[PDB]
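Below: the structure, in structure tokens.
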Amino acid sequence: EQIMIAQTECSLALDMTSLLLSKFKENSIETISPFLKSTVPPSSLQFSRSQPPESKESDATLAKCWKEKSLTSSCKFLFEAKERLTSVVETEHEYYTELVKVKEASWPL
Amino acid sequence: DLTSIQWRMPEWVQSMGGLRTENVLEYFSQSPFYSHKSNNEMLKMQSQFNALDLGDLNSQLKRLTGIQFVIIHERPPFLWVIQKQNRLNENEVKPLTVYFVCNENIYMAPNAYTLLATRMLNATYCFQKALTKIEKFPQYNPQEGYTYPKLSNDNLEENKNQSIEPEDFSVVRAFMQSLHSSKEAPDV
Amino acid sequence: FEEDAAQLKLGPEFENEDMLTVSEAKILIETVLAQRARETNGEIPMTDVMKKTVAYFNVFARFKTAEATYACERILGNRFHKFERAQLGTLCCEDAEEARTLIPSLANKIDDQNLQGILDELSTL
Amino acid sequence: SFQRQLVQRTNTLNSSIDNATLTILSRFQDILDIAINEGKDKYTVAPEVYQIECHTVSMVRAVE
Amino acid sequence: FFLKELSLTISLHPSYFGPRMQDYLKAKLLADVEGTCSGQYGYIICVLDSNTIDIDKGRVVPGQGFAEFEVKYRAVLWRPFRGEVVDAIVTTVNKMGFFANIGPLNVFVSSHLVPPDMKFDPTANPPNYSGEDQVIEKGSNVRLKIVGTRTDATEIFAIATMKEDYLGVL
Amino acid sequence: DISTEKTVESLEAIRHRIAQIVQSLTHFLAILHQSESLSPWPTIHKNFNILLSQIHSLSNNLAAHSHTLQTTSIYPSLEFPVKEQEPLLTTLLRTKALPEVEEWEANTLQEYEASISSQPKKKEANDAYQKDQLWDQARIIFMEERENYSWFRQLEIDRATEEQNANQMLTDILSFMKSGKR
Numbered sequence: 110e111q112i113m114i115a116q117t118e119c120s121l122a123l124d125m126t127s128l129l130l131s132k133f134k135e136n137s138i139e140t141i142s143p144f145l146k147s148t149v150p151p152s153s154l155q156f157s158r159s160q161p162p163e164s165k166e167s168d169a170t171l172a173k174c175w176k177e178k179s180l181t182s183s184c185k186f187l188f189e190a191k192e193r194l195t196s197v198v199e200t201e202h203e204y205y206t207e208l209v210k211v212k213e214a215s216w217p218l
Numbered sequence: 010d011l012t013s014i015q016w017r018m019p020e021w022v023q024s025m026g027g028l029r030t031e032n033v034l035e036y037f038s039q040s041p042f043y044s045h046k047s048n049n050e051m052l053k054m055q056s057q058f059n060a061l062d063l064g065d066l067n068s069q070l071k072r073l074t075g076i077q078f079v080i081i082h083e084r085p086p087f088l089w090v091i092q093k094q095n096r097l098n099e100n101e102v103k104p105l106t107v108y109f110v111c112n113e114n115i116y117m118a119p120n121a122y123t124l125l126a127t128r129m130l131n132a133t134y135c136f137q138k139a140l141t142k143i144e145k146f147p148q149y150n151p152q153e154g155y156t157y158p159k160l161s162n163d164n165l166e178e179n180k181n182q183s184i185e193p194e195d196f197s198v199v200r201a202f203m204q205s206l207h208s209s210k211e212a213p214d215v
Numbered sequence: 006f007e008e009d010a011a012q013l014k015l016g017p018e019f020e021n022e023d024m025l026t027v028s029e030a031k032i033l034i035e036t037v038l039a040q041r042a043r044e045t046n047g048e049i050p051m052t053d054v055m056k057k058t059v060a061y062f063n064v065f066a067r068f069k070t071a072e073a074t075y076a077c078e079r080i081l082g083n084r085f086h087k088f089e090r091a092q093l094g095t096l097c098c099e100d101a102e103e104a105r106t107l108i109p110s111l112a113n114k115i116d117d118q119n120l121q122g123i124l125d126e127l128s129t130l
Numbered sequence: 005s006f007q008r009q010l011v012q013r014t015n016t017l018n019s020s021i022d023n024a025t026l027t028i029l030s031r032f033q034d035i036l037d038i039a040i041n042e043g044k045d046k047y048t049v050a051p052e053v054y055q056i057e058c059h060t061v062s063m064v065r066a067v068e
Numbered sequence: 003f004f005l006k007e008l009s010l011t012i013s014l015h016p017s018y019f020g021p022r023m024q025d026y027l028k029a030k031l032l033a034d035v036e037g038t039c040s041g042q043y044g045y046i047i048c049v050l051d052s053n054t055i056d057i058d059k060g061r062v063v064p065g066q067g068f069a070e071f072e073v074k075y076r077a078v079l080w081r082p083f084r085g086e087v088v089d090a091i092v093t094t095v096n097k098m099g100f101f102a103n104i105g106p107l108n109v110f111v112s113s114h115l116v117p118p119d120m121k122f123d124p125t126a127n128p129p130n131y132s133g134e135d136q137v138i139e140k141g142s143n144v145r146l147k148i149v150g151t152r153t154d155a156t157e158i159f160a161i162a163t164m165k166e167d168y169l170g171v172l
Numbered sequence: 003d004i005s006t007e008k009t010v011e012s013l014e015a016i017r018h019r020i021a022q023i024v025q026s027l028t029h030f031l032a033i034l035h036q037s038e039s040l041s042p043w044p045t046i047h048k049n050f051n052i053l054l055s056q057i058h059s060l061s062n063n064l065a066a067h068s069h070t071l072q073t074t075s076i077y078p079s080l081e082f083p084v085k086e087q088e089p090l091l092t093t094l095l096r097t098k099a100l101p102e103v104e105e106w107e108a109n110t111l112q113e114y115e116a117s118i119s120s121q122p123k124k125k126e127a128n129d130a131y132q133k134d135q136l137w138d139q140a141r142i143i144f145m146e147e148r149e150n151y152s153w154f171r172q173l174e175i176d177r178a179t180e181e182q183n184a185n186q187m188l189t190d191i192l193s194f195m196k197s198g199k200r
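Protein chains in written order, with PDB author numbering: chain Q, 110 to 218; chain F, 10 to 166, 178 to 185, 193 to 215; chain d, 6 to 130; chain V, 5 to 68; chain g, 3 to 172; chain H, 3 to 154, 171 to 200.
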């Protein structure tokens with residue numbers, strides 16, 4: 110579902126950017142989804158020169174807090190994965206102890 | 010706010026019967042998008058002074074410095090291209106947003122990078138979200154390998181090579204194949 | 006005896022034959038391989054000629070699709086000169102003046118307007 | 005020969021060790037490169053999370 | 003590239019008469035013609051086996067015991083001719099010219115046949131021939147106009163130039 | 003005048019990367035469509051690695067390209083159909099992300115501000131430059147300890179030499195069992 114939405118939206122990216130670059134080179138509009146060429150003629154979209162345009166504190170603030178959340182997510186990942194791995198050790202060890210009962214007692218392997 | 014959102018007072022158009030030429034900047038003057046120290050509006054102030062001395066638009070406009078909303082590409086009877094700009098000279102121009110008749114709406118033209126960032130962010134978000142409420146269900150084992158716990162598995166239900185020295196179809200597959208051969212066996 | 010360039014000139018038999026397309030050619034090659042695989046042990050040396058083609062063909066996929074080719078075919082039609090045809094569909098882009106330069110044999114063969122229309126269709130394809 | 009059997013075998017073992025361990029090395033390494041924030045657009049900050057994700061997951065993966 | 007009809011004779015041996023000769027004859031054909039090249043038809047890319055494969059004859063040999071099976075087949079061939087414009091793939095770049103490469107044939111673009119705007123740079127990371135922003139290295143298909151072709155030993159070899167308009171970097 | 007060239011070129015690279023990640027993820031989803039049941043998890047991680055290559059090159063192309071893009075503004079031209087085709091393009095002009103996710107960003111702002119409610123007046127960013135800078139130095143120290151290390171007998175090959183001449187010695191005794199020369 111999600112990949113459908115995002116990826117097809119990206120297909121629209123390729124298609125409309127192709128509409129933009131179809132103003133010149135023709136080896137770009139060719140990749141657009143089939144319905145579009147049947148409809149809107151190429152070279153339709155065009156860029157405009159305009160504005161910085163604007164900026165806000167939310168930029169830097171989210172730029173910080175999201176990285177914080179990211180590195181902390183890495184911490185939770187490393188720690189909980191440490192838990193599951195340690196548990197895997199706890200499980201796996203019994204096998205080879207019983208294999209002490211096997212091989213260390215000389216049995217075929 | 011400046012994107013695909015309603016802002017309509019249709020009855021004005023109902024009076025006008027639609028746009029003509031300079032009247033686009035009338036309903037646009039109703040719009041927030043219209044600027045007060047635009048040359049359109051400071052020379053609207055000229056209309057409140059000289060009145061007669063404005064010509065069409067661009068003659069009085071571009072010759073005078075400041076923000077403007079010049080016309081270049083008509084698209085009758087719906088769209089009309091109208092770029093925002095800032096003259097710094099009677100000759101010089103410093104063009105801004107292409108405001109456009111979205112029909113009973115006019116919008117600033119978005120950056121490509123804005124939507125592109127929207128795509129990048131949403132896509133990588135789909136990746137991360139794929140890593141969210143999905144990951145760490147196939148628990149790893151050196152022996153068992155990845156594991157998939159269930160109240161009931163059904164539904165359905178780097179190691180070693182040498183060892184001891193269904194076909195859910197009851198060979199039904201070949202039987203169906205034979206059915207393909209046999210449906211026209213009399214016929215062929 | 007005959008070693009010119011033209012201007013449409015040279016071997017008669019070859020002239021008579023129709024120059025296969027690039028994308029279409031590759032498609033046919035692919036088809037051929039599929040028919041051969043239909044009951045193979047595994048391997049089938051591709052020699053050296055295959056490798057090269059496999060690369061050039063993919064590096065010139067003017068229609069990376071089974072339908073693209075058909076679309077192209079639909080767009081075309083009038084023979085004119087097998088060679089010129091396959092050549093126009095192998096180069097691409099874009100204006101008339103450029104067409105003549107590449108294919109001087111087109112001189113008073115076809116007009117312009119039409120050409121432009123075809124180029125636009127290809128670029129979008 | 006029986007020699008190259010066990011030899012190339014164990015060599016595959018150590019090579020695999022080089023694989024997963026170097027994986028852990030670089031993946032743990034470049035997360036430090038990911039730490040940068042200033043001088044970059046907030047939308048350019050967005051990928052870094054996914055970057056860290058792939059690095060750490062590649063790490064525990066290589067551990068497995 | 004062309005799709006043409008060619009001929010070829012297969013001289014079969016008693017040992018392989020069996021009851022499935024047809025198959026043998028076809029197998030032998032693919033092996034003898036595919037990959038070959040001639041000055042007359044050029045590179046025999048591949049044979050369109052199936053449907054487009056005629057098997058006439060044949061007449062056994064008197065003093066040999068072998069029978070000759072004439073075969074008509076459709077094949078994809080790649081024959082070049084002076085004056086043809088083709089896209090090529092640059093392979094090497096030496097102060098001697100441009101060693102391009104189109105499909106299976108090797109095209110050499112003598113330096114003397116290259117514009118005077120493309121100076122040769124041997125110091126640049128990877129020997130190339132820039133100008134002139136345009137940079138042609140060992141990875142940039144160029145457009146050339148075959149000036150002359152030759153056929154020495156079934157093999158074909160010709161020289162191309164970059165002197166005309168609309169030629170060069172692609 | 004170069005900026006148009008920047009458009010066609012850099013956006014050619016961009017649309018190329020898009021052409022990669024999209025259709026390649028169609029191949030991906032199809033790999034998922036292989037599923038009678040279970041997904042190949044390691045393969046999925048490999049897919050995410052390829053995605054890391056995608057975000058790599060894409061973020062690479064963000065670069066100074068944004069320096070030009072910030073002045074850019076989309077608009078359809080003269081060949082664009084006018085009667086009612088527009089609204090989908092308004093969606094194309096609509097930079098809006100997922101409303102729930104934009105709501106999420108709003109959540110990040112308001113709830114970081116809730117953290118501010120927990121911590122009424124505490125600047126950190128100025129020395130947070132030295133947070134990331136300490137990351138920038140500690141990564142280097144980390145690399146130092148990395149470079150300090152030894153990394154990966172050959173004698174085992176010479177074990178074969180033991181059986182080298184032993185084969186030649188195998189030739190020896192057979193020569194006695196043969197000729198018997200002394």
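Here a beta-carbon is modelled for each residue, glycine too, at the ideal position from N, C-alpha and C.
Closer than 7 Å at the beta carbon, the chain V residues around residue i
i	result
Q:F186	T60
Which residues DSSP lists as bridging residue i, in chain order
i	result
H:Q25	None; H:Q25 has no bridge partner.
F:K93	F:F78
g:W80	g:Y45
g:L146	g:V88
Q:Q155	H:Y77
F:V110	F:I115
Contact set between residue i and chain Q, taken where Cβ atoms lie within less than 8 Å
i	result
d:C77	By Cβ distance, chain Q contributes nothing, its closest Cβ being about 11 Å from d:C77, past 8 Å.
H:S68	Under the 8 Å cutoff, chain Q gives no residues; its nearest Cβ is about 12 Å from H:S68.
Rounded separation between residue i and residue j - CA only
i	j	result
H:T28	Q:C119	12 Å
F:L11	F:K159	50 Å
g:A90	d:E20	23 Å
F:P213	g:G20	32 Å
V:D37	H:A66	19 Å
Q:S164	F:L34	28 Å
d:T106	F:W89	41 Å
Among the options, nearest to residue i - alpha-carbon criterion
i	options	result
Q:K176	H:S39, H:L60 and H:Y114	H:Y114
F:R128	Q:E110, Q:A115 and Q:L187	Q:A115
H:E104	V:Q12, V:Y47, V:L36 and V:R65	V:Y47
H:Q87	F:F146, F:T133, F:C111 and F:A126	F:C111
g:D25	g:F110, g:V73, g:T153 and g:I161	g:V73
F:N120	H:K125, H:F154, H:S68 and H:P101	H:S68
g:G150	g:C39, g:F83 and g:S13	g:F83
g:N53	g:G105, g:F3, g:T38 and g:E7	g:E7
Q:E110	F:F196, F:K138 and F:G154	F:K138
g:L27	g:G44, g:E70 and g:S40	g:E70
V:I21	H:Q182, H:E181 and H:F154	H:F154
d:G16	g:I148, g:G67 and g:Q42	g:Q42
H:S79	Q:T181, Q:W216, Q:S131 and Q:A122	Q:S131
Contacts of residue i in chain H (Cβ-Cβ under 7 Å)
i	result
F:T141	Chain H residues near F:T141: none, gap ~12 Å exceeds 7 Å.
Local Cβ density within 10 Å of residue i, reported as buried at 16 or more and exposed below that
i	result
d:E99	buried
residue 148 of chain d	Since the displayed chain d opens at 6 and closes at 130, residue 148 of chain d lies outside it and no answer follows.
d:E35	exposed
Contacts of residue i in chain F (Cβ-Cβ under 9 Å)
i	result
V:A50	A126, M129, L130, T133 and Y134
Beta-carbon neighbours of residue i, restricted to chain Q and to distances below 9 Å
i	result
V:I35	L180 and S183
Chain d contact residues for residue i, given Cβ-Cβ distances below 8 Å
i	result
Q:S131	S128 and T129
Chain F residues whose Cβ lies nearer than 8 Å to that of residue i
i	result
V:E42	Correct list: empty, because the minimum Cβ distance to chain F is about 18 Å.
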